[PDB]
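Going down the list, the protein sequences come from chains A and B. Just so you know, we're using UniProt numbering here: the first sequence kicks off at 37 and counts up by one. Just so you know, we're using UniProt numbering here: the second sequence kicks off at 11 and counts up by one. No residue lacks a Cβ here, since even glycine has one placed at the ideal position from N, Cα and C. Working notes, beginning with the structure itself.
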Amino acid sequence: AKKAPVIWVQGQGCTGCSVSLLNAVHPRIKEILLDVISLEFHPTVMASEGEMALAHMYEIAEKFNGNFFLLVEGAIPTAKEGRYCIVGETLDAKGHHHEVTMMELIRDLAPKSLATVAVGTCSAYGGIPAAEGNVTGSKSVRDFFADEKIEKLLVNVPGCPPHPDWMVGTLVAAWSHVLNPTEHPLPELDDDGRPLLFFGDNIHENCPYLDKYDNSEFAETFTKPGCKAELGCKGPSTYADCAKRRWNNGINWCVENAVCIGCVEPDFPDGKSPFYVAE
Amino acid sequence: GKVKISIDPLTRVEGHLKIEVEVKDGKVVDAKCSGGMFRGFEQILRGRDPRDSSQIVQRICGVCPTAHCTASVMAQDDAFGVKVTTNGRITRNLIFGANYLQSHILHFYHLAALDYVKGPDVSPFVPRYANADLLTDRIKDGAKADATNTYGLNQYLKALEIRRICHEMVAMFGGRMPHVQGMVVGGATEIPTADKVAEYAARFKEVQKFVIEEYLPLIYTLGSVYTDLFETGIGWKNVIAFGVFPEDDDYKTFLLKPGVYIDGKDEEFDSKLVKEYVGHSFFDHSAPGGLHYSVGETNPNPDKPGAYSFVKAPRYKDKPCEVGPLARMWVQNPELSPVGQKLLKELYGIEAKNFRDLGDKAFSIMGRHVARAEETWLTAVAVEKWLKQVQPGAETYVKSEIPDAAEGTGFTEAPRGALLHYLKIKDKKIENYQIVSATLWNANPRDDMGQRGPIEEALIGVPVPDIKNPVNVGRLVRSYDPXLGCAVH
Ligand code: SF4
Ligand code: SF4
Ligand code: SF4
Ligand code: FCO
Ligand SMILES: [Ca+2]
Ligand SMILES: [Ca+2]
Ligand SMILES: [Ca+2]
Ligand SMILES: [Ca+2]
Ligand code: NI
Ligand SMILES: [S]
């Protein structure tokens, strides 16, 4: 009956995790919003703005204390006292304005949540904003929780972006657990806090090009037949179910089209780069 | 008698935006636009294999990643000295064109429409402003108000599926979406097959039907209710366009041509005259006077006295210029859709053949929405043509090698406006990479000479008769379809 309450916050994100969620099927996004979750706060799509939006967010976090999912898209920058990501402004009772940093927002909301779900490689692992060359002290949710000594149930759903099936599936599994924990145990997580349901399979082991790989039949260029290994494919070091699930309602996937770039992995992008050089 | 209104977060845009206005005598009299989130892609990119840039830059934005990918692979093509095949060019246009359709539809419905349409009484459609001046408030005939609101809301809901189908179209030759795999230096990674072209075409026809039969009629109907919104949100009336969707192999001709319109006069676009100022932005420049992007610098400084935004301030010949569908449609001046020609006559008593026939009405809140809808139709006509031109089986990829030392620039138009990526290579690695994006031109702060950015300037004069429900401020801002991820990167 009751929908899962969700507060969806964005740090150093690109909105791609949100856009990927909009691509959900079975259920589609209309049914997700009207039947599955109560999306209480989401900066990209919600009707209210500014003071009203923030007041609503905090009201839900209070009313549904210990009973909402905090969804985090994007990384948390810690340099310069958090000032590389300002998420809003709060107007106290005297008229004075105070900016809210991503650090402050997560420190505030995470202890109020039932669970935090880091969607996307940015929030889960740091991803591109935390890659070599950045000067923002960009940090993952898990590292920020560790630094802050915040003990809150945390599930990572990585990918850049994650497949909507991974995000929907994980959230539904979490909510089912809360509603009946002995009938619906929490999904088993790997050492990096991501569900084995979606991230247990190795791409390469499950790849339809594996026969070609075994016969040393490698594509000389993108538009030639063969395994993609010499073109830079990171399937061998990447764990996701893309080979089975494919992308955009089964239309295509990275390996058929081009190469896997290892987007779900905690070392994406630096440990998967250069993208067009073999592993 | 001035009152300050501060809106942070300004929601239903992409990314982190703050808007501050001062209101006096029922109108905005000053404004400040602030982007509050920085990642520094131009710093992150340094030292990498230049080919990685077309994957890394897409993560600037998950709404418009194909635009960044396009600009990046074109910069690489230029720097690497490789010429794309006819079929590669067309395939890249099909991948990118499908997302133009997705982005405009996403914008109008899922970002803009809740300033006009009353949604159901469940989150995230509520809470909302108490006096929101919606269709249900404006239209005095209650049955007509309900019918028109339901008409709009049903389109919003249907558009959720239409935009998803657009991403099936992007994935067809792009691999997945957001963040395609299918565009690379040298062309595109998957040759279209007859079956997959037909598959794209079948989906496209459904999208095209929605555009012509639902979207265009809703926009013109909406404008006929909010005629006051064609008369405000004006701004500088300066626009720039770089050219998008090359229609031949030498990139001399485009669907929408490059050009500049400043102070009532058309001129050619000269990339030498673009520069960025940082006087009110959180960045340090090594030299005064603004910097051309080919010597651009990304040295963030959140402590810079007097600065208020992570967005730099691009100027063309020292003039603020806006970008986007209004800019492109004004510069190209294409013929209007048959729907637009008909409904302008029927609903407004306006005789209009070409975009410029809208006159002053183009440079307004509703004018920006009209431009975007018309451009969606115009792009659909083009995609329909490209689907006939694409040749199953014809090579889409040409080999290349990373040069030791080179430079290249990719020019295009993202759905939100003019986009370039500048790439400098040294020792086979990225030495400098500079991005001048669409919303960067729109949502920038004041330059060193105090000239307001286009959104800031367009806010001046916007009516705010109800300070507690300042709905026209957000309506103006959202008419520009801002993306703050792109603006700041
Ligand atoms: S994980 Fe990737 S798609 Fe999601 S916010 Fe980060 S950059 Fe964007
Ligand atoms: S290297 Fe890539 S293409 Fe080749 S078999 Fe492994 S996952 Fe498949
Ligand atoms: S195939 Fe590789 S790059 Fe593509 S979505 Fe799956 S893990 Fe990410
Ligand atoms: N469209 C789009 Fe994104 C912005 N602004 C880019 O470039
Ligand atoms: Ca339902
Ligand atoms: Ca603590
Ligand atoms: Ca500050
Ligand atoms: Ca830049
Ligand atoms: Ni964008
Ligand atoms: S795009």
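Taking Cβ positions, are residue i and residue j nearer each other than 8 Å?
i, j, result
"residue 125 of chain B", "residue 488 of chain B", "yes"
"residue 468 of chain B", "residue 321 of chain B", "no"
"residue 269 of chain B", "residue 197 of chain B", "no"
"residue 182 of chain B", "residue 83 of chain B", "no"
"residue 146 of chain A", "residue 186 of chain A", "yes"
"residue 582 of chain B", "residue 221 of chain B", "Coverage of chain B is limited to positions 11 through 499, which leaves residue 582 of chain B absent and any answer about it impossible."
"residue 239 of chain A", "residue 206 of chain A", "no"
"residue 104 of chain B", "residue 227 of chain B", "no"
"residue 48 of chain B", "residue 315 of chain B", "no"
"residue 446 of chain B", "residue 303 of chain B", "yes"
"residue 486 of chain B", "residue 375 of chain B", "yes"
"residue 27 of chain B", "residue 494 of chain B", "yes"
"residue 269 of chain A", "residue 299 of chain A", "no"
"residue 54 of chain B", "residue 52 of chain A", "no"
Looking at ligand 3, does it come within less than 7 Å of residue i, judged from the CB to the closest heavy atom?
i, result
"residue 206 of chain A", "no"
"residue 186 of chain B", "yes"
"residue 300 of chain A", "yes"
"residue 202 of chain A", "no"
Is there at least one non-hydrogen atom of ligand 9 closer than 7 Å to the beta-carbon of residue i?
i, result
"residue 79 of chain B", "no"
"residue 423 of chain B", "no"
"residue 24 of chain B", "yes"
With a threshold of 7 Å (Cβ to nearest heavy atom), would residue i be considered close to ligand 1?
i, result
"residue 109 of chain A", "yes"
"residue 197 of chain A", "yes"
Classify residue i as helix, strand or coil using the three-state DSSP reduction.
i, result
"residue 432 of chain B", "strand"
"residue 370 of chain B", "helix"
"residue 299 of chain A", "coil"
"residue 246 of chain B", "coil"
"residue 442 of chain B", "strand"
"residue 155 of chain B", "helix"
"residue 141 of chain B", "coil"
"residue 75 of chain A", "strand"
"residue 44 of chain A", "strand"
"residue 292 of chain B", "coil"
"residue 148 of chain A", "helix"
"residue 350 of chain B", "helix"
"residue 109 of chain B", "helix"
"residue 134 of chain A", "strand"
"residue 214 of chain A", "helix"
Quick check on this structure: which residue in the options has the alpha carbon closest to the alpha carbon of residue i?
i, options, result
"residue 411 of chain B", "B:350, B:354, B:437, B:101", "B:437"
"residue 233 of chain A", "A:101, A:223, A:160, A:159", "A:223"
"residue 143 of chain B", "B:112, B:232, B:213, B:226", "B:232"
"residue 123 of chain B", "B:484, B:499, B:495, B:494", "B:484"
"residue 179 of chain B", "B:234, B:121, B:127, B:397", "B:397"
"residue 403 of chain B", "B:54, B:310, B:72, B:202", "B:202"
"residue 145 of chain B", "B:167, B:189, B:130, B:162", "B:162"
"residue 68 of chain B", "B:79, B:61, B:417, B:59", "B:79"
"residue 465 of chain B", "B:477, B:334, B:85", "B:334"
"residue 139 of chain A", "A:257, A:74, A:103, A:111", "A:111"
"residue 120 of chain B", "A:56, A:81, A:65, A:213", "A:81"
"residue 409 of chain B", "A:258, A:305, A:43", "A:258"
"residue 136 of chain A", "A:151, A:118, A:153", "A:118"
Can you say whether residue i is buried or exposed, counting buried as having 16 or more other CB atoms within 10 angstroms of its CB?
i, result
"residue 434 of chain B", "buried"
"residue 256 of chain A", "exposed"
"residue 243 of chain B", "buried"
"residue 177 of chain A", "buried"
"residue 399 of chain B", "exposed"
"residue 252 of chain A", "exposed"
What I want to know is whether the C-beta of residue i ends up closer than 7 Å to one or more non-hydrogen atoms of ligand 7.
i, result
"residue 119 of chain A", "yes"
"residue 113 of chain A", "no"
Using only the heavy atoms of ligand 5, determine whether one of them is closer than 7 Å to the beta carbon of residue i.
i, result
"residue 67 of chain A", "yes"
"residue 30 of chain A", "Any question about residue 30 of chain A goes unanswered here, given that chain A covers just 37 to 315."
Heavy atom of ligand 2 less than 7 Å from the Cβ of residue i, yes or no?
i, result
"residue 246 of chain A", "yes"
"residue 438 of chain B", "no"
Give a single yes or no on whether residue i has its beta carbon closer than 7 Å to a heavy atom of ligand 6.
i, result
"residue 172 of chain B", "no"
Please tell me whether, using a cut-off of 7 Å, the distance from the CB of residue i to the nearest non-hydrogen atom of ligand 8 is below it.
i, result
"residue 322 of chain B", "yes"
Is it the case that the CB of residue i approaches a heavy atom of ligand 4 more closely than 7 Å?
i, result
"residue 447 of chain B", "yes"
Name the chain D residues whose beta carbon is nearer than 9 Å to that of residue i?
i, result
"residue 281 of chain A", "In the displayed structure, chain D is absent; the protein chains listed are A and B."
At a cut-off of 7 Å, is residue i close to ligand 10 when judged by its beta-carbon and the heavy atoms of the ligand?
i, result
"residue 243 of chain A", "no"
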